[PDB]
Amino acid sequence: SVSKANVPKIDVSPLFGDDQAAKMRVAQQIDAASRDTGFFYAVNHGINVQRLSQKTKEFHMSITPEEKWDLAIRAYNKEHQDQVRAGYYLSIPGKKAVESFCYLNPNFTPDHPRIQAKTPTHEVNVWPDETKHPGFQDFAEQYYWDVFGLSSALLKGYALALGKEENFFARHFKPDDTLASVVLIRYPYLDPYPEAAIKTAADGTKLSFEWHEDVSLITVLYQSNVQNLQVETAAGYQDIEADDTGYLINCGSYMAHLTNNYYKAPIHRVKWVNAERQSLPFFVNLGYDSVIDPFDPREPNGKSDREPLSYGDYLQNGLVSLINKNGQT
């Protein structure tokens, strides 16, 4: 069998308040989990995840093939050259099971200075017709801000955990310019499930998505109650239990770079499971020009032999690399 990964449940509610000592005790828990398997569940987070799941299901189960082409990213529809990140990511029956919808900062409007400058990684979201999907856009935009709020609180815990002031990361995570994204991923139940949509790991495990490190500062994930994730540890790949009441949190490779691998970006993969389920990540990305000077909390002077990297450079190249490694989603 496969061993269960150590993934503690951390009550993150003090990170929304002003009890500094209580916040330090949460930071310690974040530190411990980040130094161990690299994963934890954030609980007492204040977000209505049952309603998120319900609204997402209503969207996934009612969108039609016509609407998917009309919302498609450039990888599926050559007419949409501006849609690299935001839009619909189609399934390919018989070959690719997964499908999803990605959206960015709602403040990336046509008049936004980065949209006017045509800066890479910034795009204006595309949405289905309101009459076909009543309330969806409004729900989705509000969800972006609710999960942004949780992510800001989490970033205060990570900063304190690293011996910094609580705004160390959060000062670079702002509503007017964050490159953060929400992805509403549908993993379907299929009968027969196409073998071409099932990958096989070197250890024989059937997968839907191969091993990788995340392209993010941190990743804030809701998933249905169907076990699927595995994390590589010193004892090998271990199963991460599902918890559809909490948010699964881990660091991405920007955090590993900034901390000189004190907080590693854990390697993880997605097992193949023949079940209708949801995987709804929020990728906590900073602004395009955000630069955090690398440091090392294991070194007496805190210095590291790594060079500063702008978040926009990191992101554009990371997303392309992930597609080259693990395939177009």
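So that the term is clear: the rigid core is the largest set of C-alpha atoms that superpose within 1.5 Å between two forms. From 1 onward, residues are counted along the sequence shown.
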**Request:** Figure out for me whether 300-308 or 26-34 is the more displaced stretch in 9 other deposited structures of this protein, taking RMS C-alpha distance from the shown form once the rigid core is superposed.
**Result:** 300-308
**Prompt:** Line up the rigid core: which moves more in 9 other deposited structures of this protein, 145-153 or 232-240, by C-alpha RMS?
**Reply:** 232-240
**Message:** Averaging CA B factors per stretch from the PDB record, which one is higher: 66-74 or 288-296?
**Reply:** 288-296
**Message:** On mean Cα temperature factor in this entry, is 75-83 or 145-153 the higher one?
**Reply:** 75-83
**Asked** At the C-alpha atoms, which of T121, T233, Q223, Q230 reaches the highest B-factor in this entry?
**Response** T233
**Complete:** Of the residues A42, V26, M61, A32, the one whose Cα carries the largest B-factor in the deposited record is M61
**Complete:** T178: CA B-factor among chain residues, third -> lowest
**Prompt:** Ranked by Cα temperature factor within the chain, is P266 in the lowest third, the middle third or the highest third?
**Reply:** middle
**Message:** Where does the C-alpha B-factor of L217 rank in its chain, lowest, middle or highest third?
**Reply:** lowest
**Request:** Sort the modelled residues of this chain by their C-alpha B factor and say whether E130 lands in the lowest, middle or highest third.
**Result:** highest
**Asked** Looking at the C-alpha B-factor of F209, is it in the lowest, middle or highest third of its chain?
**Response** middle
